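Below are the chains, spelled out letter by letter.
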Amino acid sequence: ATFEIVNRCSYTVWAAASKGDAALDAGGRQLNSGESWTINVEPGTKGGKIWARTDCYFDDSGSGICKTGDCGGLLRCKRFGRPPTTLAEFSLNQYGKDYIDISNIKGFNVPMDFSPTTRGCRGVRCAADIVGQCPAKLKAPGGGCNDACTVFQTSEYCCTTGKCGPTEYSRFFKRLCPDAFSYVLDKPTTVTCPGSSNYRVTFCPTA
């Protein structure tokens, strides 16, 4: 499957793509404002994620640091990134279908649209100014808006027992972005697409 990753932000981002225990394609790349990077993701990829990283520095070996979404200091991510990270999430070729969503469960750093480029389903978007409107207690000094689990580490926010409800914090993310997961047990906003669809992830789709 092809994913075209497009940076429409006015600032550089470092795109990342991983399934948690391995890179997808090269795993990461710099995208200047306006740049597009097309990656190939193996069919059957379960639990894949794409995200943006901001304010990164890498040396000639591709080691460094990002202020949001850092994946063990690598340019080419092999693991998931450090919150806050808006997440494009996907599982491909799962019994004949693809499943896509956007999640704020690990916080929000950059607005995103995640849409198919092929027929048969709709896209999802979280493009509101969540960082600007972020509650004081969730603001990440390094940049972005943390999820409550990251900040407070309670069973209720982290849904450790599989028994949790919405919270004042989850409701903030849900109010700004109804079409993204706001907590672990949120009413699913997952979209079912034909198996083997192709996609575009756009950072800053409205600006």
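You'll find the structure just up there.
Calculation notes
- Residues numbered from 1 in each chain as written, not as in the entry; some residues may be left out.
- Heavy atoms only, no water.
- Pairing = 2+ DSSP bridges.
- Helix = DSSP H or I, 4+ residues; strand = E, 2+ residues; numbered from the N terminus.
- Axes fitted to C-alpha atoms, helices over the stretch in contact; angles between N-to-C directions.
- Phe/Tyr/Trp six-rings, centres within 6.5 Å; stacked < 30°, edge-to-face > 60°.
- Buried < 20%, exposed > 50% of the residue type's maximum accessible area, 1.4 Å probe, protein only.
- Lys NZ or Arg CZ within 6 Å of the ring centre and 35° of its normal.

**Student:** So what's going on with the sheet that holds strand β4 (residues 36-40)? Residues and values would help.
**Tutor:** Here we have five strands laid out as an open sheet, ordered β4-β1-β12-β9-β10, and mixed in their pairing. Across the chains shown, the open sheet's two edge strands, defined by having one partner strand only, are β4 and β10 (124-126). This sheet shows a mean twist of 15° between the axes of neighbouring strands, independent of strand direction.

**Student:** Can you break down the packing of aromatic side chains residue by residue, with the values?
**Tutor:** Scanning all chains against the criterion turns up 10 aromatic pairs. Here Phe-3 and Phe-114 contribute two aromatic rings whose centre-to-centre distance is 6.2 Å and whose plane-to-plane angle is 35°, an arrangement assigned as tilted. Within this pair, whereas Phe-3 is found in strand β1 (residues 2-7), its partner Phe-114 is found in strand β9 (residues 112-116), the two being separated by 111 residues in sequence. Classification of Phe-3 by relative accessible area gives buried; the value is 0%. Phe-114 sits in the buried class, given a relative accessible area of 0%. An angle of 65° between the planes, with centres 5.7 Å apart, marks the rings of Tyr-157 and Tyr-169 as edge-to-face. Of the two residues, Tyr-157 is situated in helix α3 (residues 155-158) and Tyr-169 in helix α4 (residues 168-176); the sequence distance between them amounts to 12 residues. Taking relative accessible area as the criterion, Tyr-169 reaches 15% and is therefore assigned buried. A cation over a ring is seen here: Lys-49 above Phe-80, with NZ or CZ 5.1 Å from the ring centre.

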